[PDB]
Amino acid sequence: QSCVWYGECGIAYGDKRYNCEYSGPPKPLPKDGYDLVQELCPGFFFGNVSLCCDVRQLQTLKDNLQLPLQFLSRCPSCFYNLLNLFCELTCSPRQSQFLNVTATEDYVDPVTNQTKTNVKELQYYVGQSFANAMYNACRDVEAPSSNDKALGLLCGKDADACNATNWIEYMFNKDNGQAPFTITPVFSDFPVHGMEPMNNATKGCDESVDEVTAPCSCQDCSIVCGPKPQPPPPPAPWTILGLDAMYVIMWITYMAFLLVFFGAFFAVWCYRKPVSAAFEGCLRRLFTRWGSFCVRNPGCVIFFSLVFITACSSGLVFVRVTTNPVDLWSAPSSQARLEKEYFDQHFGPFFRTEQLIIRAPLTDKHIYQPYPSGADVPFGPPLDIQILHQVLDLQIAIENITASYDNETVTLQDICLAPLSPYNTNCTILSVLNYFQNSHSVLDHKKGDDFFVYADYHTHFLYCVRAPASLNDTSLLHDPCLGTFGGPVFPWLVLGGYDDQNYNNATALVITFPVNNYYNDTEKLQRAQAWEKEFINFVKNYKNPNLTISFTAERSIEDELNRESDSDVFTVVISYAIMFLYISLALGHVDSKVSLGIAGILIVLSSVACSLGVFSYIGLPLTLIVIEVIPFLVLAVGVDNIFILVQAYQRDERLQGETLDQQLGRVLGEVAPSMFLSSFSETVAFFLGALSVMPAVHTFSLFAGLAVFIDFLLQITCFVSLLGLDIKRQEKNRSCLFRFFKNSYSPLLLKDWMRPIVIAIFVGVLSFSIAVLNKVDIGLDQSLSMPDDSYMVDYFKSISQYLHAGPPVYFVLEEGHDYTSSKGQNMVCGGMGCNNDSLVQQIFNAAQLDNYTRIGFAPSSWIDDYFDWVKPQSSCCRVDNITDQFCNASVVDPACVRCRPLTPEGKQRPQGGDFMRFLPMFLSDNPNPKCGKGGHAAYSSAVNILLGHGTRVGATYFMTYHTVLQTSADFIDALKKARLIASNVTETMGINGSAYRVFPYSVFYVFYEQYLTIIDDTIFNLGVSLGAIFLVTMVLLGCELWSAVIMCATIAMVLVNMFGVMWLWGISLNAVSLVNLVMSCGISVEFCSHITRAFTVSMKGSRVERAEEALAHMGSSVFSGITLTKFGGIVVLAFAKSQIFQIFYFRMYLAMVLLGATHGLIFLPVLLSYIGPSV
Amino acid sequence: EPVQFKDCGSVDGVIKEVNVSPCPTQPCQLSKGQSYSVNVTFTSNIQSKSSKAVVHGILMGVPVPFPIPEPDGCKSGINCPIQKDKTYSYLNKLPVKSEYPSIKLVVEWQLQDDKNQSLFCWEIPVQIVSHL
Ligand SMILES: *[C@@H]1O[C@H](CO)[C@@H](O[C@@H]2O[C@H](CO)[C@@H](O)[C@H](O[C@@H]3O[C@H](CO)[C@@H](O)[C@H](O)[C@@H]3O)[C@H]2NC(C)=O)[C@H](O)[C@H]1NC(C)=O
Ligand SMILES: *[C@@H]1O[C@H](CO)[C@@H](O[C@@H]2O[C@H](CO)[C@@H](O)[C@H](O)[C@H]2NC(C)=O)[C@H](O)[C@H]1NC(C)=O
Ligand SMILES: *[C@@H]1O[C@H](CO)[C@@H](O[C@H]2O[C@H](CO)[C@@H](O)[C@H](O)[C@H]2NC(C)=O)[C@H](O)[C@H]1NC(C)=O
Ligand SMILES: *[C@@H]1O[C@H](CO)[C@@H](O[C@H]2O[C@H](CO)[C@@H](O)[C@H](O)[C@H]2NC(C)=O)[C@H](O)[C@H]1NC(C)=O
Ligand SMILES: CC(C)CCC[C@@H](C)[C@H]1CC[C@H]2[C@@H]3CC=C4C[C@@H](O)CC[C@]4(C)[C@H]3CC[C@]12C
Ligand SMILES: CC(C)CCC[C@@H](C)[C@H]1CC[C@H]2[C@@H]3CC=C4C[C@@H](O)CC[C@]4(C)[C@H]3CC[C@]12C
Ligand SMILES: CC(C)CCC[C@@H](C)[C@H]1CC[C@H]2[C@@H]3CC=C4C[C@@H](O)CC[C@]4(C)[C@H]3CC[C@]12C
Ligand SMILES: *[C@@H]1O[C@H](CO)[C@@H](O)[C@H](O)[C@H]1NC(C)=O
Ligand SMILES: *[C@@H]1O[C@H](CO)[C@@H](O)[C@H](O)[C@H]1NC(C)=O
Ligand SMILES: *[C@@H]1O[C@H](CO)[C@@H](O)[C@H](O)[C@H]1NC(C)=O
Ligand SMILES: *[C@@H]1O[C@H](CO)[C@@H](O)[C@H](O)[C@H]1NC(C)=O
Ligand SMILES: *[C@@H]1O[C@H](CO)[C@@H](O)[C@H](O)[C@H]1NC(C)=O
Ligand SMILES: *[C@@H]1O[C@H](CO)[C@@H](O)[C@H](O)[C@H]1NC(C)=O
Ligand SMILES: *[C@@H]1O[C@H](CO)[C@@H](O)[C@H](O)[C@H]1NC(C)=O
Ligand SMILES: *[C@@H]1O[C@H](CO)[C@@H](O)[C@H](O)[C@H]1NC(C)=O
Ligand SMILES: *[C@@H]1O[C@H](CO)[C@@H](O)[C@H](O)[C@H]1NC(C)=O
């Protein structure tokens, strides 16, 4: 056998050359184009080649395959057989077996006048099953900038009626203008004329061509892709008979209680028809003596108390203030905080962002009609040319800002981050105007003719939203849209308001200034914040009535809170003013003791300031929110104690022989155990709630506890002496409630029928509270921490309403992986031979789910790109032979050879030291138009290299995006599921211990990691606080466990009802809600203690009599003192400006106050009358 | 109907009207496998003994030659020899054949005289439509 028609000497026109006729044997390869034989069709390279082929024939094939390569090279499985067809058809070694020339003529040589017979025409025997398997397996490849078939662009007609026989017919016809001579295809499946066609092996979309080349994608082939995945959504509600299954367990329990209750009462009606005294008694006497002493030594007492106030409050010189949100909301040693510490160290901190959500309200959508063919494509309002020019104008102006800080000027470019610098230094702006490179000329220039545009800006936009990594539009315009900074701009990052793929329908425009974030540096951060400030001012003053802008900055949240923090000190001052007003008229009844109420207010403020100053000495920094929420509480408690004491005196009649001190010592000795109980119970409650792991609540809890304690001490010590002095003083001229409680309230409340109803109702309300308990929210809106008139609220609305992508995720594979071995690469490898459970694939599957996991997009892994880059076929890498230096893809090609030898073994992955050997050059590669993206703009950060010891690779990450996250529930779910994915990979890797592990990092993880344990944190915190109250109570009241247990049960009821009110007003259970509850459980005692004390220390006859006597006596003091005063304070706070106060402090305090009032003044009377300890 | 056209340089004639039938909307959509009739109202600026009709179709900015059955305008309603300053309107009719694609395009029309100067030159964009 042998080949015919060797060489190409004739010429038709332009470059078309007719192959010369030669029917001799095939002339082996000239040894010159071994590379061509390898790249064009290696099926022939097993060296004795004896191939009929020619290097100029190979290079003219290669030259003709330019555009078909561009379109059909997307799915190698197809373009492989097409190449298999041309190479064999041209210079296969058995060329005589499937070919027969028909038309040939002499070819006169203008060099020698020697006639060579060109091959004008011949027949080519093609199997039927070959053209059918080729067209049918490659016919699904879609075209770029459209969802059509690439055959629509290669048939010369719609890919809808290009028969499989017709397209090849069109390809072989010289009528197109490309075929140098027409070839008559013969589709015979059997040898005819002794001539049998040939069809070498073929591969379908259900198979890969090479053990390193992946099969065609289901984007371009319909048969490879079957049913999508879906997770099972479990609600896991019990729902006993249709409803919450708690609405019922409770209603059932309540009915049982109500039946056993009216079933005991009604039945009863039918039937009718040294061990304890040794520690307290010494306390009353001691306190009387010390009060008498202090009343006769006022100078010394007041002097020592002022000395104390000053010595402690002079520490205010060291007052810090903490404003960095991380410090506020994150425990210094939390798992998420440690992960952030490790990530900030190896890859540098996450960058800053200045967003801009532009919108065009005054415009309607318009239609774009592609000139050659196709369906109508609608464009959103903001994609108007006029609106695009104005937005470009705004962006170019936003770029000019160079705010000056510390007599130095920082430009926007200087602060932004440029991945590939100092080669390219422009900086990252992620706007759809980067597709046109922020150039009016590039945006305006049209590629059309009269009364039509051939190509246009919309068309250009259409091509690269499809393929954002091109270096030219390559479609009748030939202009790149990679971006001035260098690196793709993904369309889902720059648009919003479209429908799930139709970037044509985009309604909003997204724009971003990423700014470098610095690790242990403050001058640069100060400089960045000064620039962001100027950015905000400019954007705030920019008018442009055609646009509705939503903007934001990295330092804007802190500014909003520092902005709101200071516009309500006027609220605390008004609160204090109203408290003093009430105190002046209520303190006893010129019968006014106002000089002393003012003294009490000053003592209280003294206690607050003293607490701040002592802790400043200690080193606790101020949060400025506490410095604002602390005074109200401390005022409440201090005023509550002052009234108790003053009123027992006002209601006291002087015995037979007491000057003044004797009476006051007697009154203080009879009142101090109770006041002391209330103060100690509250101090301990606060301090113990100061055990949680959160610096804001931790620090606040400490501050408040210490302030309350110091306030109690100073108040008992400074005020009893001053009260003695005033009492000498008030008289020389220089109750109506008690009547009510005794006269109509105590008797009424204690009737025999109203009492069972009250107890039933209160246990029912508690039953309801326990029923609706597990429906309480978890988390903070993140939108309510801002004032109402703020632009950040509008920005949050805009985000939730338009954005389609969320915060970036980094899946940091910790240090310790190999990366230089087949298996070490297979465990991570997002590819062919590496496991099917590999890291990148697992993250890909998670992103394929997308709701049972809130991870929206593919990993965009760097190692897959590195391998694609290093493949010999790409040929991007090229080193010098003697210097071992990286030859750029644009280079004179003097003597630099391919990195990997171009053989069957060299195609494989670089497993040994070559891996590392070529990796640095990859990370140093730039975006060459002939090569591609290169690996420097995207992975320099993502890859760590450790010098020496085999040059082992450092920690690396694979960053993916979250889904649009709108609510706290959404953030917590995202955290949980990222941890789940990381946990799976960590478990599957099977480490011989725990030397290292994968973990995900996102920006909000530090702020939202507490809600993975807040429930057990709250449980522990409340249980311990209540046990502490119990113990303190069972100790101080003597040892009568019955009174203490009763008080504890009442306070537990108060807390449960607090949770019910929480659910009812839509307050969430975060660490602020939790701190306020642990505090309320300590403030409730303030109520429940006096009454119970008045009951215990009583010597009347019946239980009912003791309860009523206690009610009259102490509740006359308790209703006017604690309740009304707290209520006035809260009603003043009800008009807030920070939202956080007005929601949580106001609602929680109103609830806590009114609940304690009702409980104390009503349910305690009755419950005590029923089950109080006899004596 | 009189259709909008772009004059590519009528030097040896003056177009008075261009009437294409049937063409109700412009660009006039011409369904495949269907014959259309052209009327071309023009004022001649020169005297030409002969007349050769020329048709050029431009796709994607590139001109394509289209041969017509008849190359002379005198057997299409033109009285040869052409006398100066007389106004004559050329009437044609041509059938749209099948196999043609459903495009949009620009018809280019020239009329060369004896000296090879176009008596009229106009261009008009028409889109090949389907069944519809
Ligand atoms: C979101 O984007 C899609 C992407 O196309 C829009 O769909 C298209 O909607 C426009 C609206 O007017 C239609 O023109 C497109 O085409 C139809 O094609 C037939 C011929 O097959 C024509 O006769 C019709 O007149 C029409 O042009 C239609 N095409 C597709 C593929 O969807 C969608 O409208 C957009 N969302 C909104 C709200 O407009
Ligand atoms: C950003 O990078 C681009 C290319 O990497 C630089 O290129 C040109 O920008 C200037 C404006 O200063 C234009 O006049 C040119 O047209 C751009 N290049 C070409 C070939 O058109 C650009 O200078 C860099 N910086 C800025 C601010 O654009
Ligand atoms: C078509 O397949 C045949 C398979 O034989 C190829 O024939 C050659 O290549 C085979 C693969 O190494 C060898 O095993 C055969 O021995 C060899 N032919 C011989 C020596 O008889 C043929 O080249 C293929 N054609 C193409 C390029 O597709
Ligand atoms: C997951 O992403 C969102 C989650 O809301 C889904 O889009 C939604 O569309 C409607 C609300 O916008 C509702 O029908 C649903 O909330 C949801 N659609 C569904 C699940 O029916 C989107 O469909 C989901 N996509 C995937 C891949 O799960
Ligand atoms: C106009 C478009 C659709 C053409 C796309 C297919 C083209 C690129 C294919 C079809 C027919 C092919 C040609 C067929 C004939 C020859 C002569 C042969 O000795 C070398 C290859 C060469 C030169 C081929 C070059 C590539 C080719 C022109
Ligand atoms: C209220 C008293 C006890 C002082 C404590 C105030 C603290 C805990 C409050 C006030 C403002 C709140 C912040 C509001 C905004 C944000 C940004 C968000 O991305 C993380 C949560 C975070 C950071 C909140 C954490 C909790 C917060 C810092
Ligand atoms: C009076 C009107 C009808 C004059 C226009 C006549 C139309 C039908 C003529 C003018 C130019 C012609 C086109 C010239 C070039 C091509 C490209 C070829 O690959 C397919 C046929 C096609 C597309 C022709 C179809 C018929 C055609 C469009
Ligand atoms: C080729 O593809 C067509 C597409 O429908 C299919 O019907 C036919 O069975 C395929 N033939 C093969 C794969 O041999
Ligand atoms: C902004 O840029 C324009 C052009 O780049 C320049 O003329 C101007 O001086 C810059 N500063 C402005 C407008 O404040
Ligand atoms: C910095 O301050 C000096 C004086 O302290 C002043 O002369 C100089 O102009 C300042 N820097 C700039 C850039 O103006
Ligand atoms: C895009 O298109 C051209 C086509 O010639 C291609 O060679 C190049 O990569 C880009 N532009 C230019 C002008 O070369
Ligand atoms: C809005 O667009 C119009 C379009 O002509 C322009 O004239 C105007 O300056 C733009 N800005 C406005 C109206 O504020
Ligand atoms: C996936 O895991 C391993 C390797 O691929 C193998 O045991 C298992 O059969 C594979 N199955 C699928 C569906 O990938
Ligand atoms: C590459 O270097 C080797 C070793 O020095 C040498 O033998 C070979 O000739 C060089 N190749 C070229 C093309 O110069
Ligand atoms: C390509 O590499 C050469 C080699 O030094 C260098 O001079 C040139 O600037 C590079 N161009 C790029 C990376 O775009
Ligand atoms: C984690 O791994 C387990 C066991 O392989 C699997 O059942 C679970 O679906 C994985 N989590 C995902 C896929 O989110």
# chains A, B, ... in the order shown; residues from 1 in each chain; ligands from 1
>>> residues_near_ligand(ligand="ligand 7", cutoff="10 Å", atoms="only C-alpha atoms and all ligand atoms", output="MDAnalysis selection string")
(chainID A and resid 156:157 175:176) or (chainID B and resid 19:23 28:39 55:59 63:68 92:109 124:128)
>>> residues_near_ligand(ligand="ligand 10", cutoff="9 Å", atoms="only C-alpha atoms and all ligand atoms", output="PyMOL selection string")
chain A and resi 404+406-409
>>> closest_atom_pairs(of="chain A", to="ligand 14", cutoff="10 Å", atoms="only C-alpha atoms and all ligand atoms", output="CSV")
residue,atom,partner,partner_atom_place_in_ligand_line,distance
A:880,CA,ligand 14,1 (C),8.5
A:881,CA,ligand 14,1 (C),5.0
A:882,CA,ligand 14,2 (O),6.2
A:883,CA,ligand 14,2 (O),9.9
A:894,CA,ligand 14,13 (C),8.9
A:895,CA,ligand 14,13 (C),5.7
A:896,CA,ligand 14,13 (C),7.7
A:897,CA,ligand 14,13 (C),7.8
>>> residues_near_ligand(ligand="ligand 2", cutoff="7 Å", atoms="only C-alpha atoms and all ligand atoms", output="mmCIF file with C-alpha atoms, in the first residue's frame")
data_model
loop_
_atom_site.group_PDB
_atom_site.id
_atom_site.type_symbol
_atom_site.label_atom_id
_atom_site.label_comp_id
_atom_site.auth_asym_id
_atom_site.auth_seq_id
_atom_site.Cartn_x
_atom_site.Cartn_y
_atom_site.Cartn_z
ATOM 1 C CA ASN A 424 -0.542 46.205 36.591
ATOM 2 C CA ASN A 426 -4.781 50.273 38.320
ATOM 3 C CA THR A 484 -8.305 47.089 33.671
ATOM 4 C CA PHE A 485 -7.046 45.409 36.801
#
>>> residues_around(residues="residue A:1143", least_positions_apart="6", cutoff="12 Å", atoms="only C-alpha atoms", output="tab-separated table (two decimals) with N, CA, C and O atoms, in the first residue's frame")
chain	number	residue	atom	x	y	z
A	780	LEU	N	-29.71	38.70	66.01
A	780	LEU	CA	-29.98	40.12	65.84
A	780	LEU	C	-30.08	40.51	64.38
A	780	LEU	O	-29.32	40.04	63.53
A	781	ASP	N	-31.04	41.39	64.10
A	781	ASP	CA	-31.37	41.72	62.72
A	781	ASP	C	-30.15	42.25	61.98
A	781	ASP	O	-29.96	41.95	60.79
A	784	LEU	N	-31.43	46.72	62.83
A	784	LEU	CA	-32.05	47.49	63.90
A	784	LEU	C	-31.03	48.21	64.76
A	784	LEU	O	-31.40	49.08	65.55
A	785	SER	N	-29.75	47.90	64.61
A	785	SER	CA	-28.71	48.60	65.36
A	785	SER	C	-28.47	49.98	64.79
A	785	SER	O	-27.69	50.76	65.34
A	1062	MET	N	-41.17	38.19	75.68
A	1062	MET	CA	-40.18	38.18	74.61
A	1062	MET	C	-40.80	37.67	73.32
A	1062	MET	O	-40.81	38.37	72.31
A	1065	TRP	N	-43.49	40.16	71.82
A	1065	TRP	CA	-43.15	41.38	71.09
A	1065	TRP	C	-42.07	41.18	70.04
A	1065	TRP	O	-41.62	42.17	69.45
A	1066	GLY	N	-41.62	39.96	69.80
A	1066	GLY	CA	-40.68	39.76	68.72
A	1066	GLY	C	-39.28	40.20	69.07
A	1066	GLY	O	-38.53	40.66	68.20
A	1067	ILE	N	-38.92	40.07	70.33
A	1067	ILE	CA	-37.55	40.29	70.78
A	1067	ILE	C	-36.77	38.99	70.60
A	1067	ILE	O	-37.32	37.90	70.81
A	1068	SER	N	-35.51	39.09	70.23
A	1068	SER	CA	-34.74	37.89	69.97
A	1068	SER	C	-33.84	37.55	71.16
A	1068	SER	O	-33.48	38.40	71.97
A	1072	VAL	N	-27.72	39.96	74.52
A	1072	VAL	CA	-28.13	41.18	75.21
A	1072	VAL	C	-29.45	40.85	75.86
A	1072	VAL	O	-29.70	41.20	77.02
A	1073	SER	N	-30.28	40.10	75.14
A	1073	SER	CA	-31.55	39.66	75.66
A	1073	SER	C	-31.26	38.76	76.86
A	1073	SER	O	-31.97	38.80	77.86
A	1130	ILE	N	-38.91	54.21	82.67
A	1130	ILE	CA	-39.07	53.49	81.41
A	1130	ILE	C	-39.92	54.27	80.43
A	1130	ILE	O	-39.69	54.22	79.22
A	1133	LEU	N	-37.76	56.46	78.75
A	1133	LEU	CA	-36.84	55.82	77.80
A	1133	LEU	C	-37.58	55.33	76.56
A	1133	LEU	O	-36.94	55.09	75.53
A	1134	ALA	N	-38.90	55.22	76.64
A	1134	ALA	CA	-39.68	54.70	75.52
A	1134	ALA	C	-39.46	55.48	74.23
A	1134	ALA	O	-39.75	54.95	73.15
A	1135	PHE	N	-38.96	56.71	74.30
A	1135	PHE	CA	-38.67	57.46	73.09
A	1135	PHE	C	-37.18	57.44	72.77
A	1135	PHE	O	-36.46	58.39	73.10
A	1136	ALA	N	-36.72	56.38	72.13
A	1136	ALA	CA	-35.30	56.19	71.90
A	1136	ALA	C	-34.94	56.71	70.52
A	1136	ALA	O	-35.76	57.28	69.78
A	1137	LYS	N	-33.69	56.52	70.16
A	1137	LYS	CA	-33.14	56.95	68.88
A	1137	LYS	C	-32.21	55.92	68.27
A	1137	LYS	O	-31.80	56.10	67.12
A	1149	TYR	N	-37.55	46.09	80.09
A	1149	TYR	CA	-37.70	46.71	81.40
A	1149	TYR	C	-39.17	46.90	81.71
A	1149	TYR	O	-39.60	46.65	82.84
A	1150	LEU	N	-39.96	47.37	80.75
A	1150	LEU	CA	-41.38	47.46	81.01
A	1150	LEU	C	-41.92	46.10	81.42
A	1150	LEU	O	-42.65	45.99	82.41
A	1151	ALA	N	-41.58	45.06	80.67
A	1151	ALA	CA	-42.05	43.73	81.03
A	1151	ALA	C	-41.61	43.35	82.43
A	1151	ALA	O	-42.44	42.97	83.26
>>> interface_residues(of="chain A", to="chain B", cutoff="10 Å", atoms="only C-alpha atoms", output="number ranges by chain")
A: 156-158, 370-374, 447-455, 476
>>> write_last_selection(atoms="C-alpha atoms", output="PDB file, in the first residue's frame")
ATOM      1  CA  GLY A 156     -23.977  28.033   7.100  1.00  0.00           C
ATOM      2  CA  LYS A 157     -27.583  27.667   8.191  1.00  0.00           C
ATOM      3  CA  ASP A 158     -29.730  27.018  11.270  1.00  0.00           C
ATOM      4  CA  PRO A 370     -29.462  40.619  16.650  1.00  0.00           C
ATOM      5  CA  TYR A 371     -28.915  41.446  12.981  1.00  0.00           C
ATOM      6  CA  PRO A 372     -27.904  38.070  11.571  1.00  0.00           C
ATOM      7  CA  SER A 373     -30.393  35.780  13.361  1.00  0.00           C
ATOM      8  CA  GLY A 374     -31.987  35.033  16.719  1.00  0.00           C
ATOM      9  CA  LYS A 447     -19.297  48.070  14.338  1.00  0.00           C
ATOM     10  CA  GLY A 448     -22.236  48.497  11.990  1.00  0.00           C
ATOM     11  CA  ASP A 449     -23.440  50.002   8.736  1.00  0.00           C
ATOM     12  CA  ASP A 450     -26.283  52.394   7.903  1.00  0.00           C
ATOM     13  CA  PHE A 451     -29.821  51.779   9.201  1.00  0.00           C
ATOM     14  CA  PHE A 452     -28.401  48.829  11.243  1.00  0.00           C
ATOM     15  CA  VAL A 453     -25.598  48.063  13.677  1.00  0.00           C
ATOM     16  CA  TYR A 454     -23.570  44.959  12.950  1.00  0.00           C
ATOM     17  CA  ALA A 455     -22.087  44.639  16.457  1.00  0.00           C
ATOM     18  CA  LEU A 476     -17.147  40.748  14.870  1.00  0.00           C
TER      19      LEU A 476
END
>>> closest_residue(among="A:977, A:389, A:563, A:952", to="ligand 6", atoms="only C-alpha atoms and all ligand atoms")
A:563
>>> residues_near_ligand(ligand="ligand 1", cutoff="10 Å", atoms="only C-alpha atoms and all ligand atoms", output="mmCIF file with N, CA and C atoms, in the first residue's frame")
data_model
loop_
_atom_site.group_PDB
_atom_site.id
_atom_site.type_symbol
_atom_site.label_atom_id
_atom_site.label_comp_id
_atom_site.auth_asym_id
_atom_site.auth_seq_id
_atom_site.Cartn_x
_atom_site.Cartn_y
_atom_site.Cartn_z
ATOM 1 N N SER A 146 -24.897 32.989 23.044
ATOM 2 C CA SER A 146 -26.200 32.492 22.626
ATOM 3 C C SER A 146 -26.378 31.073 23.127
ATOM 4 N N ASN A 147 -27.614 30.589 23.127
ATOM 5 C CA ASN A 147 -27.850 29.237 23.601
ATOM 6 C C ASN A 147 -28.110 28.303 22.431
ATOM 7 N N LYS A 365 -37.648 49.144 29.732
ATOM 8 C CA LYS A 365 -36.833 48.204 28.982
ATOM 9 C C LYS A 365 -37.046 48.381 27.488
ATOM 10 N N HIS A 366 -35.995 48.108 26.728
ATOM 11 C CA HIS A 366 -36.009 48.231 25.282
ATOM 12 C C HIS A 366 -35.470 46.926 24.710
ATOM 13 N N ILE A 367 -35.681 46.714 23.419
ATOM 14 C CA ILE A 367 -35.353 45.448 22.781
ATOM 15 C C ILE A 367 -34.118 45.595 21.910
ATOM 16 N N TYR A 368 -33.315 44.541 21.884
ATOM 17 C CA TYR A 368 -32.115 44.432 21.064
ATOM 18 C C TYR A 368 -32.412 43.319 20.067
ATOM 19 N N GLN A 369 -32.239 43.604 18.795
ATOM 20 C CA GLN A 369 -32.496 42.589 17.787
ATOM 21 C C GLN A 369 -31.181 42.223 17.120
ATOM 22 N N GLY A 374 -31.708 35.132 15.299
ATOM 23 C CA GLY A 374 -31.987 35.033 16.719
ATOM 24 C C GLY A 374 -33.245 35.661 17.278
ATOM 25 N N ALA A 375 -33.511 35.328 18.537
ATOM 26 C CA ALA A 375 -34.665 35.815 19.266
ATOM 27 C C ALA A 375 -34.358 37.170 19.899
ATOM 28 N N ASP A 376 -35.427 37.912 20.174
ATOM 29 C CA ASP A 376 -35.327 39.233 20.779
ATOM 30 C C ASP A 376 -34.725 39.124 22.171
ATOM 31 N N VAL A 377 -33.905 40.105 22.529
ATOM 32 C CA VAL A 377 -33.232 40.106 23.821
ATOM 33 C C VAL A 377 -33.543 41.413 24.535
ATOM 34 N N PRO A 378 -34.319 41.374 25.613
ATOM 35 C CA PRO A 378 -34.657 42.601 26.333
ATOM 36 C C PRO A 378 -33.590 43.008 27.333
ATOM 37 N N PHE A 379 -33.386 44.317 27.446
ATOM 38 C CA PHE A 379 -32.403 44.880 28.363
ATOM 39 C C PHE A 379 -33.117 45.705 29.419
ATOM 40 N N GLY A 380 -32.685 45.566 30.662
ATOM 41 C CA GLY A 380 -33.239 46.311 31.762
ATOM 42 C C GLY A 380 -33.128 47.809 31.585
ATOM 43 N N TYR A 498 -32.140 40.593 38.073
ATOM 44 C CA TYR A 498 -32.420 39.812 36.886
ATOM 45 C C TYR A 498 -33.042 38.495 37.330
ATOM 46 N N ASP A 499 -33.346 37.583 36.407
ATOM 47 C CA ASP A 499 -34.142 36.375 36.765
ATOM 48 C C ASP A 499 -33.594 34.945 37.005
ATOM 49 N N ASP A 500 -32.303 34.783 37.254
ATOM 50 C CA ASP A 500 -31.708 33.469 37.414
ATOM 51 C C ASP A 500 -30.760 33.053 36.295
ATOM 52 N N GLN A 501 -30.871 33.648 35.105
ATOM 53 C CA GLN A 501 -29.771 33.650 34.152
ATOM 54 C C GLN A 501 -29.756 34.842 33.216
ATOM 55 N N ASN A 502 -30.770 35.695 33.259
ATOM 56 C CA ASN A 502 -31.006 36.658 32.191
ATOM 57 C C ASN A 502 -30.370 37.979 32.593
ATOM 58 N N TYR A 503 -29.052 38.044 32.425
ATOM 59 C CA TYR A 503 -28.361 39.297 32.680
ATOM 60 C C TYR A 503 -28.857 40.392 31.753
ATOM 61 N N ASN A 504 -29.672 40.013 30.786
ATOM 62 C CA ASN A 504 -30.321 40.988 29.936
ATOM 63 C C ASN A 504 -31.328 41.794 30.779
ATOM 64 N N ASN A 505 -31.968 41.108 31.732
ATOM 65 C CA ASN A 505 -33.051 41.659 32.543
ATOM 66 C C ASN A 505 -32.546 42.408 33.765
ATOM 67 N N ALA A 506 -31.239 42.558 33.943
ATOM 68 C CA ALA A 506 -30.730 43.208 35.143
ATOM 69 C C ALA A 506 -31.387 44.559 35.383
#
>>> residues_around(residues="residue A:324", least_positions_apart="5", cutoff="10 Å", atoms="only C-alpha atoms", output="list in words")
residues 329, 555, 558 and 623 of chain A
>>> closest_atom_pairs(of="chain A", to="ligand 13", cutoff="9 Å", atoms="only C-alpha atoms and all ligand atoms", output="CSV")
residue,atom,partner,partner_atom_place_in_ligand_line,distance
A:834,CA,ligand 13,5 (O),8.6
A:835,CA,ligand 13,4 (C),5.5
A:836,CA,ligand 13,5 (O),4.6
A:837,CA,ligand 13,2 (O),6.2
>>> closest_residue(among="A:682, A:23, A:422, A:931", to="ligand 11", atoms="only C-alpha atoms and all ligand atoms")
A:931
>>> residues_near_ligand(ligand="ligand 5", cutoff="9 Å", atoms="only C-alpha atoms and all ligand atoms", output="ChimeraX atom specification")
/A:5-8,16-19,57-69,86-87,89-91,153-156,167-168,170-183
>>> residues_near_ligand(ligand="ligand 3", cutoff="10 Å", atoms="only C-alpha atoms and all ligand atoms", output="ChimeraX atom specification")
/A:41-46,81,83-89,91-94,198-202
